[PDB]
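K.L.:
My questions will all concern the structure given below.
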Amino acid sequence: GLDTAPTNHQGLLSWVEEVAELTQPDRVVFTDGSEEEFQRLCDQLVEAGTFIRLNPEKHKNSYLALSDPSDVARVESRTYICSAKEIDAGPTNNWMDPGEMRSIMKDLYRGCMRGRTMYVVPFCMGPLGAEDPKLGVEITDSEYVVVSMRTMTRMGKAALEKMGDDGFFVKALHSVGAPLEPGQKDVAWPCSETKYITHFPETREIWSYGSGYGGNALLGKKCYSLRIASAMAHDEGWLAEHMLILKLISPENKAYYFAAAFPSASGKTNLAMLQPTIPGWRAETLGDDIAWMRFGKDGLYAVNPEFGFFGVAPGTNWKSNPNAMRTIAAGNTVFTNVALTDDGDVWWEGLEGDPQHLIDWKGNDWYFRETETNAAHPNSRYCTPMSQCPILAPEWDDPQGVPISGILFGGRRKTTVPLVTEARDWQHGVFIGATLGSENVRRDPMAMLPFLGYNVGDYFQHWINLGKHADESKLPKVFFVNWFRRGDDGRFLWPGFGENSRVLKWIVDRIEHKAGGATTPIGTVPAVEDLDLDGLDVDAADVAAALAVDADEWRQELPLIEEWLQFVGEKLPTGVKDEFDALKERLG
Ligand SMILES: Nc1nc2c(ncn2[C@@H]2O[C@H](COP(=O)(O)OP(=O)(O)O)[C@@H](O)[C@H]2O)c(=O)[nH]1
Ligand SMILES: [Mn+2]
Ligand SMILES: [Mn+2]
């Protein structure tokens with residue numbers, strides 16, 4: 001195997017040996033994260049048929065990977081929180097007894113890596129200069145994982161040195177579950193029909209088995225950055241959240257940092273890479289998925305734990321998201337389940353042009369106005385370095401983070417929810433987030449329903465407790481947005497996208513005590529007067545509709561919120577109950 005590994009960390013070496021004895025690889029390979037390693041691994045993946053090297057004229061050092069159509073997303077049905085007691089997973093999570101789960105996976109892992117290299121992948125979440133850098137080591141039988149982890153994390157040498165010879169780290173175990181018999185020819189994308197993605201909150205351990213795709217296998221992405229980190233955050237006094245981190249810059253050259261939690265398909269990526277439509281406003285981004293937030297000597301400071309973008313390809317283009325496009329155009333990018341063009345480039349639905357022929361994500365011939373399937377997979381991916389993004393804010397690699405002025409919650413609601421609402425205080429802010437709905441209407445609290453590492457009720461308690469024990473003057477203000485409200489004809493009342501900068505302007509003004517809003521049953525909501533609609537080609541009546549708080553619609557909302565808070569169960573905080581009662585009192 002390998003006892004020529006660049007580390008004297010005994011606890012790690014013990015663990016690597018123990019795992020290797022169980023899974024039985026051919027060899028063990030510690031990854032360093034160097035450019036050379038990366039090149040060597042891609043070449044091996046090209047030779048295996050897993051990667052196709054894209055035309056070097058068009059893209060620099062970029063690759064297309066096609067997965068088995070069986071292994072194509074996060075599978076929440078097989079994703080588990082195995083805490084000691086079932087209550088500490090809670091009703092939003094799938095639980096199994098820790099002993100029962102260890103019995104199942106230790107059986108599955110026995111001999112699972114026969115005829116494969118076991119890669120040991122050290123990595124760091126957050127910038128490397130931290131007091132407590134949150135480090136991890138992922139073991140995997142998949143080069144795709146290594147290569148992807150290189151981009152999505154600070155991977156290898158640096159992280160391994162930051163670990164020392166003792167010093168804690170997250171033990172993340174992964175295997176594709178497709179062992180080889182001697183002489184047997186492998187497949188391009190090895191996976192299995194048996195899948196498990198398991199989190200051990202108390203020991204900070206992730207065990208994944210069966211998939212090689214995305215957040216099932218890139219264990220930093222969702223398993224570490226939210227599921228373990230939310231448990232870490234609970235115990236340590238901070239927040240691990242499904243939030244973009246936006247830096248908005250006024251015409252006066254003042255920087256306002258925002259954290260915003262939307263469920264996927266509700267607009268994180270677009271807001272994070274906003275191009276303001278008001279003169280003299282510009283925006284930079286620090287992240288479009290995960291925010292790790294802690295109190296400093298005063299306010300709340302956000303960092304992006306990740307080192308890369310794992311973006312959805314379909315729908316991405318020069319009109320929609322030019323900044324995403326430019327990030328990718330610099331190359332160094334692995335595309336997964338997109339289409340291959342006749343000139344050896346990548347294409348996906350939404351992208352510029354109408355290529356008449358393509359080779360689709362299953363390797364088959366695709367044809368314009370004939371082939372009934374999408375050329376690119378509808379959830380296909382691009383994996384690109386953060387540092388290639390032209391609008392990346394300079395503070396991105398600062399371990400101190402950035403002070404958050406505002407936290408935003410929202411989702412897709414055709415009715416009921418106004419364009420923007422400010423919370424009354426913190427506890428109402430927690431309640432707004434806690435009852436976040438999107439479309440019949442699914443509650444996705446803080447956009448964390450699939451990602452909580454512990455009881456949802458205790459998570460809300462945690463959110464309240466941080467406020468209670470802080471200077472309310474220095475806490476961020478909370479806001480609830482809704483880009484997707486619709487009129488009687490069914491069109492969007494608000495055009496959104498870049499024009500959402502106008503809602504953000506109002507949020508900024510409110511922070512500078514320089515704009516107003518009417519007190520309402522659900523919090524403070526602006527009139528059409530209070531928004532910068534200067535230069536906007538929309539009906540004022542449509543904007544008033546968007547900002548309407550109809551008492552009748554909100555009364556019909558109360559039983560949906562009721563059911564939801566009953567579903568949260570016995571750990572529902574009394575703080576959240578009071579806010580439900582208060583909202584009721586105010587609506588009558
Ligand atoms: N109407 C409207 N649609 C939006 C807005 N922002 C994003 N979208 C759409 O919502 C979908 C999801 O956008 P995306 O930014 O990828 O959401 P994410 O999955 O959270 O990153 C896409 O189909 C977008 O075109 C908006 O402000 N208004
Ligand atoms: Mn997401
Ligand atoms: Mn996104």
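Ordered as shown in the structure tokens, chains take letters A, B, and onward, while each chain numbers its residues from 1 and ligands are numbered from 1 in the order shown.
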Taking only C-alpha atoms and all ligand atoms into account, which residues are within 10 Å of ligand 1, as a ChimeraX atom specification?
P.N.:
/A:242-244,260-274,288-289,311-316,320-321,350,379,411-412,447,481-486,491-501
K.L.:
Excluding range 246-250 of chain A and any residue of its chain fewer than 3 positions from it, enumerate the residues within 8 Å of it, using only C-alpha atoms, and give them as a VMD selection string.
P.N.:
chain A and resid 253 to 259 271 to 273 280 to 287 393
K.L.:
Compile the contact shell of residue 449 in chain A as a PDB file with N, CA and C atoms, in the first residue's frame: residues with an atom at most 9 Å away, counting only C-alpha atoms, same-chain residues fewer than 6 positions apart removed.
P.N.:
ATOM      1  N   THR A  92     -37.393  15.947  10.118  1.00  0.00           N
ATOM      2  CA  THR A  92     -36.940  16.314   8.761  1.00  0.00           C
ATOM      3  C   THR A  92     -35.879  15.342   8.212  1.00  0.00           C
ATOM      4  N   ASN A  93     -35.350  14.482   9.090  1.00  0.00           N
ATOM      5  CA  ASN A  93     -34.247  13.584   8.748  1.00  0.00           C
ATOM      6  C   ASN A  93     -34.623  12.111   8.762  1.00  0.00           C
ATOM      7  N   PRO A 263     -34.061  27.908  -1.371  1.00  0.00           N
ATOM      8  CA  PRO A 263     -33.979  26.540  -1.889  1.00  0.00           C
ATOM      9  C   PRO A 263     -33.490  26.525  -3.328  1.00  0.00           C
ATOM     10  N   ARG A 443     -42.595  23.443   3.045  1.00  0.00           N
ATOM     11  CA  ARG A 443     -41.823  24.207   4.003  1.00  0.00           C
ATOM     12  C   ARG A 443     -40.402  23.734   3.912  1.00  0.00           C
ATOM     13  N   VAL A 456     -34.493  19.680  13.738  1.00  0.00           N
ATOM     14  CA  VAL A 456     -34.935  20.952  13.182  1.00  0.00           C
ATOM     15  C   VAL A 456     -35.426  21.931  14.244  1.00  0.00           C
TER      16      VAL A 456
END
K.L.:
Any idea what the distance is between CA of residue 119 in chain A and CA of residue 72 in chain A?
P.N.:
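Taking CA of residue 119 in chain A as the start and CA of residue 72 in chain A as the end point, the length is 22.5 Å.
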K.L.:
Considering only alpha helix (DSSP H) as DSSP defines it on the backbone, what residues of range 319-475 of chain A qualify? List them as a ChimeraX atom specification.
P.N.:
/A:322-329,426-434,456-468
K.L.:
Kindly save the residues from that selection, with N, CA and C atoms included, as a tab-separated table (two decimals), in the first residue's frame.
P.N.:
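After the write, part_16.tsv holds the following:
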chain	number	residue	atom	x	y	z
A	322	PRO	N	-23.50	36.08	-17.46
A	322	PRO	CA	-22.21	36.22	-18.15
A	322	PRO	C	-21.00	35.96	-17.25
A	323	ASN	N	-21.11	36.31	-15.97
A	323	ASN	CA	-20.01	36.12	-15.02
A	323	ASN	C	-19.69	34.63	-14.76
A	324	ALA	N	-20.73	33.79	-14.68
A	324	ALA	CA	-20.56	32.34	-14.65
A	324	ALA	C	-19.83	31.89	-15.90
A	325	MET	N	-20.32	32.33	-17.06
A	325	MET	CA	-19.71	32.00	-18.36
A	325	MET	C	-18.21	32.32	-18.44
A	326	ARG	N	-17.82	33.50	-17.93
A	326	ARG	CA	-16.41	33.93	-17.93
A	326	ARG	C	-15.56	33.10	-16.98
A	327	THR	N	-16.13	32.69	-15.85
A	327	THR	CA	-15.45	31.80	-14.90
A	327	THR	C	-15.03	30.50	-15.59
A	328	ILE	N	-15.97	29.96	-16.36
A	328	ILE	CA	-15.82	28.69	-17.07
A	328	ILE	C	-14.92	28.83	-18.29
A	329	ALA	N	-15.01	29.97	-18.97
A	329	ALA	CA	-14.20	30.23	-20.16
A	329	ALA	C	-12.69	30.24	-19.88
A	426	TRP	N	-35.22	40.01	15.86
A	426	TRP	CA	-34.51	38.76	15.57
A	426	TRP	C	-35.39	37.52	15.62
A	427	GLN	N	-36.14	37.40	16.71
A	427	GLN	CA	-36.97	36.22	16.93
A	427	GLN	C	-38.05	36.05	15.85
A	428	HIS	N	-38.63	37.16	15.39
A	428	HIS	CA	-39.51	37.12	14.24
A	428	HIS	C	-38.72	36.74	12.96
A	429	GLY	N	-37.48	37.23	12.87
A	429	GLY	CA	-36.54	36.79	11.84
A	429	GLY	C	-36.32	35.29	11.78
A	430	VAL	N	-36.10	34.67	12.93
A	430	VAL	CA	-36.00	33.22	13.00
A	430	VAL	C	-37.31	32.56	12.52
A	431	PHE	N	-38.46	33.11	12.93
A	431	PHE	CA	-39.77	32.59	12.57
A	431	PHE	C	-40.06	32.68	11.07
A	432	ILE	N	-39.73	33.82	10.48
A	432	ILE	CA	-39.81	34.01	9.04
A	432	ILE	C	-39.01	32.94	8.29
A	433	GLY	N	-37.77	32.74	8.71
A	433	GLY	CA	-36.92	31.72	8.12
A	433	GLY	C	-37.47	30.34	8.37
A	434	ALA	N	-37.93	30.11	9.61
A	434	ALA	CA	-38.41	28.80	10.03
A	434	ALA	C	-39.62	28.33	9.28
A	456	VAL	N	-34.49	19.68	13.74
A	456	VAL	CA	-34.94	20.95	13.18
A	456	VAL	C	-35.43	21.93	14.24
A	457	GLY	N	-36.12	21.42	15.26
A	457	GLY	CA	-36.60	22.21	16.38
A	457	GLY	C	-35.47	22.80	17.20
A	458	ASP	N	-34.44	21.99	17.45
A	458	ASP	CA	-33.23	22.44	18.16
A	458	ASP	C	-32.40	23.44	17.35
A	459	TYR	N	-32.47	23.32	16.03
A	459	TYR	CA	-31.82	24.28	15.10
A	459	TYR	C	-32.40	25.68	15.23
A	460	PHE	N	-33.73	25.77	15.31
A	460	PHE	CA	-34.41	27.04	15.54
A	460	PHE	C	-34.02	27.61	16.91
A	461	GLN	N	-34.00	26.74	17.93
A	461	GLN	CA	-33.57	27.13	19.27
A	461	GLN	C	-32.18	27.73	19.20
A	462	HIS	N	-31.31	27.08	18.43
A	462	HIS	CA	-29.94	27.56	18.27
A	462	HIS	C	-29.91	28.96	17.65
A	463	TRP	N	-30.72	29.17	16.62
A	463	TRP	CA	-30.84	30.48	15.98
A	463	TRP	C	-31.33	31.56	16.96
A	464	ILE	N	-32.33	31.24	17.77
A	464	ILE	CA	-32.82	32.17	18.80
A	464	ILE	C	-31.73	32.53	19.83
A	465	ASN	N	-31.05	31.51	20.34
A	465	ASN	CA	-30.06	31.66	21.42
A	465	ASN	C	-28.89	32.57	21.08
A	466	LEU	N	-28.48	32.54	19.82
A	466	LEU	CA	-27.42	33.42	19.35
A	466	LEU	C	-27.86	34.88	19.35
A	467	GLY	N	-29.10	35.14	18.96
A	467	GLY	CA	-29.67	36.47	19.07
A	467	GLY	C	-29.80	36.96	20.50
A	468	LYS	N	-30.53	36.20	21.33
A	468	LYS	CA	-30.70	36.48	22.77
A	468	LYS	C	-29.41	36.94	23.43
K.L.:
Tell me which protein, DNA and RNA residues are within 12 Å of residue 100 in chain A, counting only C-alpha atoms, leaving out same-chain ones fewer than 3 positions away, and put them as a count of residues only.
P.N.:
12
K.L.:
Can you work out the spacing between CA of residue 220 in chain A and CA of residue 346 in chain A in Å, to one decimal?
P.N.:
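Taking CA of residue 220 in chain A and CA of residue 346 in chain A, their separation equals 26.4 Å.
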K.L.:
Neighbouring residues of residue 4 in chain A were defined as those with any atom within 12 Å, considering only C-alpha atoms; residues of the same chain fewer than 4 positions away were excluded. Please report them as a VMD selection string.
P.N.:
chain A and resid 8 13 27 to 30
K.L.:
If we count only C-alpha atoms, what is near range 547-553 of chain A at a cut-off of 9 Å, once residues fewer than 4 positions away on the same chain are taken out, given as JSON, numbers by chain?
P.N.:
{"A": [415, 416, 417, 418, 419, 420, 421, 520, 521, 522, 525, 526, 527, 528, 542, 543, 557, 587, 588]}
K.L.:
Can those selected residues be exported to a file as a PDB file, in the first residue's frame so that it contains N, CA and C atoms?
P.N.:
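Printed below is again_17.pdb as written:
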ATOM      1  N   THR A 415     -48.422  33.577  -4.773  1.00  0.00           N
ATOM      2  CA  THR A 415     -49.336  34.451  -4.042  1.00  0.00           C
ATOM      3  C   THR A 415     -48.809  34.762  -2.633  1.00  0.00           C
ATOM      4  N   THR A 416     -49.554  35.591  -1.904  1.00  0.00           N
ATOM      5  CA  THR A 416     -49.444  35.725  -0.436  1.00  0.00           C
ATOM      6  C   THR A 416     -48.219  36.509   0.055  1.00  0.00           C
ATOM      7  N   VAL A 417     -47.013  36.068  -0.321  1.00  0.00           N
ATOM      8  CA  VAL A 417     -45.761  36.668   0.176  1.00  0.00           C
ATOM      9  C   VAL A 417     -45.361  37.929  -0.613  1.00  0.00           C
ATOM     10  N   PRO A 418     -45.127  39.063   0.085  1.00  0.00           N
ATOM     11  CA  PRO A 418     -44.723  40.271  -0.654  1.00  0.00           C
ATOM     12  C   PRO A 418     -43.329  40.204  -1.284  1.00  0.00           C
ATOM     13  N   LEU A 419     -43.028  41.186  -2.126  1.00  0.00           N
ATOM     14  CA  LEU A 419     -41.723  41.279  -2.775  1.00  0.00           C
ATOM     15  C   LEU A 419     -40.619  41.323  -1.743  1.00  0.00           C
ATOM     16  N   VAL A 420     -40.814  42.150  -0.723  1.00  0.00           N
ATOM     17  CA  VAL A 420     -39.863  42.260   0.365  1.00  0.00           C
ATOM     18  C   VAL A 420     -40.571  42.657   1.646  1.00  0.00           C
ATOM     19  N   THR A 421     -40.053  42.152   2.757  1.00  0.00           N
ATOM     20  CA  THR A 421     -40.583  42.410   4.088  1.00  0.00           C
ATOM     21  C   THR A 421     -39.385  42.416   5.022  1.00  0.00           C
ATOM     22  N   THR A 520     -47.007  46.106   9.306  1.00  0.00           N
ATOM     23  CA  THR A 520     -47.939  45.161   8.711  1.00  0.00           C
ATOM     24  C   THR A 520     -48.014  43.961   9.660  1.00  0.00           C
ATOM     25  N   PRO A 521     -49.100  43.163   9.566  1.00  0.00           N
ATOM     26  CA  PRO A 521     -49.175  41.911  10.333  1.00  0.00           C
ATOM     27  C   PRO A 521     -47.946  40.982  10.252  1.00  0.00           C
ATOM     28  N   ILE A 522     -47.284  40.957   9.099  1.00  0.00           N
ATOM     29  CA  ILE A 522     -46.141  40.086   8.857  1.00  0.00           C
ATOM     30  C   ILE A 522     -44.772  40.777   8.951  1.00  0.00           C
ATOM     31  N   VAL A 525     -43.180  46.448   5.527  1.00  0.00           N
ATOM     32  CA  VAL A 525     -43.233  46.272   4.072  1.00  0.00           C
ATOM     33  C   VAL A 525     -43.319  47.636   3.396  1.00  0.00           C
ATOM     34  N   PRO A 526     -42.447  47.904   2.401  1.00  0.00           N
ATOM     35  CA  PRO A 526     -42.456  49.216   1.747  1.00  0.00           C
ATOM     36  C   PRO A 526     -43.650  49.449   0.837  1.00  0.00           C
ATOM     37  N   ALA A 527     -44.007  50.714   0.650  1.00  0.00           N
ATOM     38  CA  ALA A 527     -44.934  51.092  -0.413  1.00  0.00           C
ATOM     39  C   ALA A 527     -44.160  51.267  -1.718  1.00  0.00           C
ATOM     40  N   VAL A 528     -44.893  51.396  -2.819  1.00  0.00           N
ATOM     41  CA  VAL A 528     -44.288  51.623  -4.147  1.00  0.00           C
ATOM     42  C   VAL A 528     -43.444  52.916  -4.159  1.00  0.00           C
ATOM     43  N   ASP A 542     -48.699  47.016 -10.699  1.00  0.00           N
ATOM     44  CA  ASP A 542     -48.082  45.685 -10.594  1.00  0.00           C
ATOM     45  C   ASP A 542     -47.105  45.578  -9.404  1.00  0.00           C
ATOM     46  N   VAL A 543     -46.330  46.636  -9.149  1.00  0.00           N
ATOM     47  CA  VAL A 543     -45.421  46.691  -7.987  1.00  0.00           C
ATOM     48  C   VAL A 543     -46.178  46.754  -6.639  1.00  0.00           C
ATOM     49  N   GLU A 557     -52.980  31.033   5.069  1.00  0.00           N
ATOM     50  CA  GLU A 557     -51.628  30.552   5.310  1.00  0.00           C
ATOM     51  C   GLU A 557     -51.457  29.924   6.701  1.00  0.00           C
ATOM     52  N   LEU A 587     -53.081  39.256  12.578  1.00  0.00           N
ATOM     53  CA  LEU A 587     -54.012  39.028  11.445  1.00  0.00           C
ATOM     54  C   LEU A 587     -55.489  38.976  11.889  1.00  0.00           C
ATOM     55  N   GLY A 588     -55.721  38.661  13.170  1.00  0.00           N
ATOM     56  CA  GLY A 588     -57.085  38.503  13.710  1.00  0.00           C
ATOM     57  C   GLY A 588     -57.771  37.251  13.179  1.00  0.00           C
TER      58      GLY A 588
END
K.L.:
What gap, in Å, lies between CA of residue 194 in chain A and CA of residue 78 in chain A?
P.N.:
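Spanning CA of residue 194 in chain A to CA of residue 78 in chain A is a straight-line distance of 9.1 Å.
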K.L.:
Mind checking which residues fall within 9 Å of residue 64 in chain A, counting only C-alpha atoms, ignoring those fewer than 3 positions away in the same chain, and posting them as a PyMOL selection string?
P.N.:
chain A and resi 50-54+333-340+346
K.L.:
Could you check the closest approach to ligand 3 for each of A:310, A:367, A:109, A:506 and tell me which residue wins, using only C-alpha atoms and all ligand atoms?
P.N.:
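Nearest candidate to ligand 3 out of A:310, A:367, A:109, A:506: A:310.
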K.L.:
Give the answer as one residue: which of A:356, A:74, A:440, A:293 has the shortest atom-to-atom distance to residue 370 in chain A, using only C-alpha atoms?
P.N.:
A:356
K.L.:
Could you give me the residues within range 414-448 of chain A that DSSP places in strand (DSSP E or B), as a VMD selection string?
P.N.:
chain A and resid 420 to 422 437 to 438 442 to 443
